[PDB]
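The chain below stands alone and is given as structure tokens, in the form deposited in one PDB entry.
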């Protein structure tokens, strides 16, 4: 019942991008209620919930027709017949015409300035879902593990910040750690501790880019020192609960989504957020 929201580049966050979709006109406007049921059940388009599925048309003259948003377009976007796209008897297609391609906006508009821009290619609403529901449990028990570690830290009197490093290939926990900053040793944030764990557990022949391929779950958003460390170490994905005030993966910087660094990686935020809001922030 939490969502994971990508944190995207400064540039890429404020633009409206499109994808090819097949639509088809509705000739027999009384099959509309029916054809909507039958079709958005076969192709529910989970990645795109912002898209109203009937587009109204008006003719100079006042002729009101509609087109039905059918399904996403394959990697080879040629013309496709009704029979090819709509399996029977899942979909009694009568009432539809030949299907055409149409650019439809790929992501839900966040500002009203994108909303009026998206609407112009296909209707859309104002004010998605990214993962399987077994991977949603993968990240469940890992963030939990990082909260369990975060709390251990606060109980002892340490920055309440926890972090686990997961190898997504086997969903095996590779390092669990929390903040260990002391007066004698101030740079042991949770993220820095987890890296030095990972590095010491690797064979003689190992690249010094000690995080390649691995996921990271942190309670709150990494500071600049931590975030850049994950860049030098080449982490693959990072999931955090809540942001941090000087956070470098969303709040004050997005160092994962820059051209200037030699490396770029996905960042998602919100995983088990309600728990992490009351954990401490990095740094």
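Throughout, rigid core stands for the largest set of C-alpha atoms superposing within 1.5 Å between the two forms. Numbering follows the first chain given and starts at 1.
Asker: Deposited residues absent from the coordinates between residue 127 and residue 128, none, 1 to 3, 4 to 9, or 10 or more?
Answerer: Unresolved stretch here: 10 or more residues.
Asker: Higher mean Cα B-factor in the deposited model: 184-192 or 202-210?
Answerer: Comparing 184-192 with 202-210, the higher average CA B-factor belongs to 202-210.
Asker: For the C-alpha atoms alone, is the average B factor greater in 59-67 or in 27-35, going by the entry?
Answerer: Per the PDB record, 59-67.
Asker: Residue 93: which third of its chain by C-alpha temperature factor?
Answerer: According to the entry, residue 93 has a C-alpha B-factor in the chain's middle third.
Asker: Comparing against every modelled residue in the chain, figure out the third that the C-alpha B-factor of residue 267 lands in (lowest, middle or highest).
Answerer: Middle third, going by the recorded CA B-factors of the chain.
Asker: Taking the values exactly as deposited, rank residue 151 by C-alpha B-factor within its chain and report the matching third: lowest, middle or highest.
Answerer: Ranked within chain, residue 151 CA B lands in the middle tercile.
Asker: Once the chain's modelled residues are ordered by C-alpha B factor and cut into thirds, is residue 197 in the lowest, middle or highest one?
Answerer: Residue 197: CA B-factor falls in the lowest third of its chain.
Asker: When the deposited Cα B-factors of this chain's modelled residues are ordered and cut into thirds, is residue 170 in the lowest, the middle or the highest one?
Answerer: Its C-alpha B-factor belongs to the highest third of this chain's values.
The same protein also exists as the form deposited in another entry; that form is not shown, yet it is the one meant from here on.
Asker: Just one of 173, 148, 137, 120 has a C-alpha that shifts by 2 Å or more between the shown form and the other one on a rigid core fit; which is it?
Answerer: The one that moves 2 Å or more is 120.
Asker: Do you see a C-alpha shift of 2 Å or more at residue 98 between the shown form and the other one, with the core held fixed?
Answerer: It does shift by 2 Å or more.
Asker: With both forms fitted on the core, give yes or no for whether the Cα of residue 84 moves by 2 angstroms or more between the shown form and the other one.
Answerer: True for residue 84: a C-alpha shift of 2 Å or more.
Asker: For residue 274, state whether the C-alpha moves by 2 Å or more between the shown form and the other one after rigid core superposition.
Answerer: Shift at residue 274: below 2 Å after core fit.
Asker: Flagged pair residue 137/residue 49: C-alpha distance shifts by 3 angstroms or more in the other entry. Which direction, closer or farther?
Answerer: Compared with the form shown here, the C-alpha atoms of residue 137 and residue 49 sit farther apart in the other entry, by 3 Å or more.
Asker: Since the Cα-Cα distance for residue 37 and residue 136 shifts by 3 angstroms or more in the other entry, is it a contraction (closer) or an expansion (farther)?
Answerer: Pair moves farther apart in the other entry.
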